[PDB]
$ cat coords26.cif   # mmCIF, N, CA and C atoms
data_query
loop_
_atom_site.label_atom_id
_atom_site.label_comp_id
_atom_site.auth_asym_id
_atom_site.auth_seq_id
_atom_site.Cartn_x
_atom_site.Cartn_y
_atom_site.Cartn_z
N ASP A 1 20.84 -11.01 -8.14
CA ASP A 1 20.97 -12.47 -7.88
C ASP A 1 21.50 -12.60 -6.46
N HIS A 2 21.58 -13.85 -6.04
CA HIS A 2 22.07 -14.12 -4.70
C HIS A 2 23.48 -13.46 -4.47
N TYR A 3 24.40 -13.64 -5.43
CA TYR A 3 25.81 -13.15 -5.25
C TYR A 3 25.73 -11.63 -5.00
N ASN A 4 25.02 -10.90 -5.86
CA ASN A 4 24.97 -9.41 -5.78
C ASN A 4 24.25 -8.99 -4.51
N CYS A 5 23.16 -9.71 -4.19
CA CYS A 5 22.32 -9.34 -3.07
C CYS A 5 23.11 -9.40 -1.80
N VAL A 6 23.64 -10.57 -1.49
CA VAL A 6 24.36 -10.81 -0.25
C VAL A 6 25.77 -10.09 -0.23
N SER A 7 26.44 -10.00 -1.39
CA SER A 7 27.77 -9.34 -1.43
C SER A 7 27.61 -7.84 -1.21
N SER A 8 26.38 -7.35 -1.37
CA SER A 8 26.07 -5.93 -1.22
C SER A 8 25.49 -5.66 0.15
N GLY A 9 25.39 -6.70 0.98
CA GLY A 9 24.75 -6.58 2.29
C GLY A 9 23.25 -6.89 2.45
N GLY A 10 22.59 -7.46 1.45
CA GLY A 10 21.16 -7.78 1.52
C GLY A 10 20.75 -9.19 1.93
N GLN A 11 19.44 -9.42 2.02
CA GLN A 11 18.83 -10.71 2.36
C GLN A 11 17.95 -11.23 1.24
N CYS A 12 18.09 -12.52 0.91
CA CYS A 12 17.25 -13.20 -0.07
C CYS A 12 16.05 -13.68 0.71
N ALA A 13 14.87 -13.13 0.43
CA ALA A 13 13.67 -13.42 1.17
C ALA A 13 12.60 -13.82 0.21
N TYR A 14 12.06 -15.01 0.43
CA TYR A 14 10.95 -15.37 -0.36
C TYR A 14 9.82 -14.47 0.15
N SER A 15 8.94 -14.16 -0.76
CA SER A 15 7.69 -13.47 -0.43
C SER A 15 7.83 -11.98 -0.19
N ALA A 16 8.59 -11.57 0.82
CA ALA A 16 8.50 -10.18 1.28
C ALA A 16 9.76 -9.77 2.01
N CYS A 17 9.98 -8.48 2.03
CA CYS A 17 11.09 -7.92 2.74
C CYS A 17 10.68 -7.38 4.11
N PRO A 18 11.49 -7.70 5.14
CA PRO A 18 11.17 -7.25 6.51
C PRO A 18 11.33 -5.76 6.71
N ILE A 19 10.79 -5.25 7.83
CA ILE A 19 10.79 -3.83 8.04
C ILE A 19 12.24 -3.28 8.02
N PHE A 20 12.38 -2.08 7.47
CA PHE A 20 13.63 -1.35 7.30
C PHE A 20 14.43 -1.82 6.12
N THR A 21 13.84 -2.73 5.32
CA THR A 21 14.44 -3.19 4.03
C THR A 21 13.39 -3.10 2.95
N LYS A 22 13.83 -3.09 1.71
CA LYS A 22 12.85 -3.06 0.65
C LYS A 22 13.42 -3.84 -0.53
N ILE A 23 12.55 -4.12 -1.49
CA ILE A 23 12.89 -4.99 -2.59
C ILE A 23 13.85 -4.26 -3.49
N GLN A 24 14.99 -4.90 -3.80
CA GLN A 24 15.96 -4.41 -4.77
C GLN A 24 16.50 -5.63 -5.52
N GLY A 25 15.72 -6.10 -6.49
CA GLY A 25 16.14 -7.27 -7.27
C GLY A 25 15.70 -8.57 -6.63
N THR A 26 16.35 -9.66 -7.05
CA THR A 26 15.91 -11.00 -6.72
C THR A 26 17.07 -11.93 -6.36
N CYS A 27 16.71 -13.09 -5.81
CA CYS A 27 17.66 -14.20 -5.61
C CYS A 27 17.00 -15.51 -6.07
N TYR A 28 17.82 -16.54 -6.28
CA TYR A 28 17.34 -17.92 -6.42
C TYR A 28 16.46 -18.07 -7.65
N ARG A 29 17.09 -17.81 -8.79
CA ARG A 29 16.45 -17.98 -10.07
C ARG A 29 15.18 -17.18 -10.13
N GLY A 30 15.28 -15.96 -9.56
CA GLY A 30 14.18 -15.01 -9.59
C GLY A 30 13.02 -15.27 -8.64
N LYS A 31 13.13 -16.33 -7.85
CA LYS A 31 11.99 -16.78 -7.03
C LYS A 31 11.86 -16.12 -5.69
N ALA A 32 12.94 -15.50 -5.23
CA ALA A 32 12.94 -14.74 -3.98
C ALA A 32 13.26 -13.27 -4.29
N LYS A 33 12.91 -12.40 -3.34
CA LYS A 33 13.31 -10.99 -3.39
C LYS A 33 14.69 -10.83 -2.83
N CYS A 34 15.40 -9.80 -3.29
CA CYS A 34 16.58 -9.29 -2.62
C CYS A 34 16.10 -8.09 -1.83
N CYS A 35 16.35 -8.10 -0.54
CA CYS A 35 15.87 -7.06 0.37
C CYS A 35 17.05 -6.37 0.97
N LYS A 36 17.06 -5.05 0.81
CA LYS A 36 18.14 -4.27 1.34
C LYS A 36 17.61 -2.99 1.96
#

$ encode --input "coords26.cif" --output "structure tokens"
Amino acid sequence: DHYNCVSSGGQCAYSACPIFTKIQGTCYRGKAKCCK
């Protein structure tokens, strides 16, 4: 979720994760990726 994603150092990204990050869970009621 958003709390875990960002508290762990990640980005909530709709659609896709930018280079040097990859999908690890979700944010925003499952509608975005958590990218770390």

$ residues_around --input "coords26.cif" --residues "residue A:22" --least-positions-apart "3" --cutoff "6 Å" --atoms "all atoms listed in the file" --output "NGL selection string"
:A and (17 or 34-36)

$ write_last_selection --input "coords26.cif" --atoms "N, CA and C atoms" --output "PDB file, in the frame of the given file"
ATOM      1  N   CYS A  17       9.980  -8.480   2.030  1.00  0.00           N
ATOM      2  CA  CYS A  17      11.090  -7.920   2.740  1.00  0.00           C
ATOM      3  C   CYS A  17      10.680  -7.380   4.110  1.00  0.00           C
ATOM      4  N   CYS A  34      15.400  -9.800  -3.290  1.00  0.00           N
ATOM      5  CA  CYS A  34      16.580  -9.290  -2.620  1.00  0.00           C
ATOM      6  C   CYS A  34      16.100  -8.090  -1.830  1.00  0.00           C
ATOM      7  N   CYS A  35      16.350  -8.100  -0.540  1.00  0.00           N
ATOM      8  CA  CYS A  35      15.870  -7.060   0.370  1.00  0.00           C
ATOM      9  C   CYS A  35      17.050  -6.370   0.970  1.00  0.00           C
ATOM     10  N   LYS A  36      17.060  -5.050   0.810  1.00  0.00           N
ATOM     11  CA  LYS A  36      18.140  -4.270   1.340  1.00  0.00           C
ATOM     12  C   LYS A  36      17.610  -2.990   1.960  1.00  0.00           C
TER      13      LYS A  36
END

$ residues_around --input "coords26.cif" --residues "residue A:26" --least-positions-apart "5" --cutoff "6 Å" --atoms "only N, CA and C atoms" --output "CSV table (one decimal) with N, CA and C atoms, keeping the file's coordinate frame"
chain,number,residue,atom,x,y,z
A,1,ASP,N,20.8,-11.0,-8.1
A,1,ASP,CA,21.0,-12.5,-7.9
A,1,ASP,C,21.5,-12.6,-6.5
A,2,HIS,N,21.6,-13.8,-6.0
A,2,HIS,CA,22.1,-14.1,-4.7
A,2,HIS,C,23.5,-13.5,-4.5
A,32,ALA,N,12.9,-15.5,-5.2
A,32,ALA,CA,12.9,-14.7,-4.0
A,32,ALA,C,13.3,-13.3,-4.3
A,33,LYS,N,12.9,-12.4,-3.3
A,33,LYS,CA,13.3,-11.0,-3.4
A,33,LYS,C,14.7,-10.8,-2.8
A,34,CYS,N,15.4,-9.8,-3.3
A,34,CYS,CA,16.6,-9.3,-2.6
A,34,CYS,C,16.1,-8.1,-1.8

$ select_by_dssp --input "coords26.cif" --residues "chain A" --states "alpha helix (DSSP H)" --output "ChimeraX atom specification"
/A:2-7

$ select_by_dssp --input "coords26.cif" --residues "chain A" --states "strand (DSSP E)" --output "list in words"
residues 11, 12, 13, 23, 24, 25, 26, 27, 32, 33, 34 and 35 of chain A

$ resolve_selection --input "coords26.cif" --expression "the PyMOL selection byres ((chain A and resi 14) around 6)" --output "list in words"
residues 12, 13, 15, 16, 31, 32 and 33 of chain A

$ axis_aligned_box --input "coords26.cif" --around "stretch 20-31 of chain A" --padding-each-side "6 Å" --output "AutoDock Vina command-line options"
--center_x 14.8 --center_y -9.7 --center_z -1.3 --size_x 18.0 --size_y 28.7 --size_z 29.6
